[PDB]
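Single-letter residue listing:
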Amino acid sequence: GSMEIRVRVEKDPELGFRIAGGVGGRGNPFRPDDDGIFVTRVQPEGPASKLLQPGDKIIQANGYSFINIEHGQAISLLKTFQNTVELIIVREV
Amino acid sequence: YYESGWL
């Protein structure tokens, strides 16, 4: 069922989503025993609104693996990219 | 669980 999808979010001025999870993140509202990074909220009319959705699991960002990544490390990485953030996400279809 | 701010 699940597929790895690639999307490009243009910071305008930010990505327009929140996340939960990661190593040390004490879980997420979707799959408690998955320690990965999950999108929790997408800003309507924001840069991610046609691309990402709550529940999506981010497993890569601009070539950097998000598998086994810590919670703050993922937040810092996403904050630090200055323009386009090409994401690979896992989504149930 | 811990949730980030808006990114």
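What you see is numbering from 1 along each chain in written sequence order, possibly unlike the entry, with residues lacking coordinates removed. The order in which chains are written sets their letters, starting at A; the order in which ligands are written sets their numbers, starting at 1. The basis for every side-chain value is the complete set of non-hydrogen atoms in the structure, without hydrogens or water. Residues with missing side-chain atoms are left out of burial classes, side-chain pairs and their counts.

- Structure determination for the deposited model, as stated in its record, used X-ray crystallography, and the stated resolution is 1.89 Å.

With respect to the packing of aromatic side chains
Residues and elements named next belong to chain A.
Here comes step 1: Side-chain rings of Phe, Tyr and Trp, where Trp is taken by its six-membered ring, are said to pair if the distance between their centres is within 6.5 Å; with planes under 30 degrees apart they count as stacked, over 60 as edge-to-face, and otherwise as tilted. If you walk through the whole model with that rule in mind, you get 2 aromatic pairs over all chains.
Here comes step 2: Seen from their ring centres, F30 and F38 are 5.9 Å apart, and the 40° between their planes marks the pair as tilted.
Here comes step 3: Aromatic side chains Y64 and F81 sit 6.3 Å apart centroid to centroid with 40° between the ring planes, which places their arrangement in the tilted category. With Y64 in strand β5 (residues 64-65) and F81 in the loop between α1 (71-80) and β6 (84-91), this residue pair connects regions lying 17 residues apart in the sequence.
Here comes step 4: Assessed through its relative accessible area of 16%, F81 is described here as buried. The numbering of helices and of strands both runs from the N terminus, where a helix is a DSSP run of H or I of at least 4 residues and a strand a run of E of at least 2. Exposure is judged per residue with a 1.4 Å probe applied to protein chains only, and the accessible area is read against the type maximum: over 50% gives exposed, under 20% gives buried, and values in between give partly exposed.

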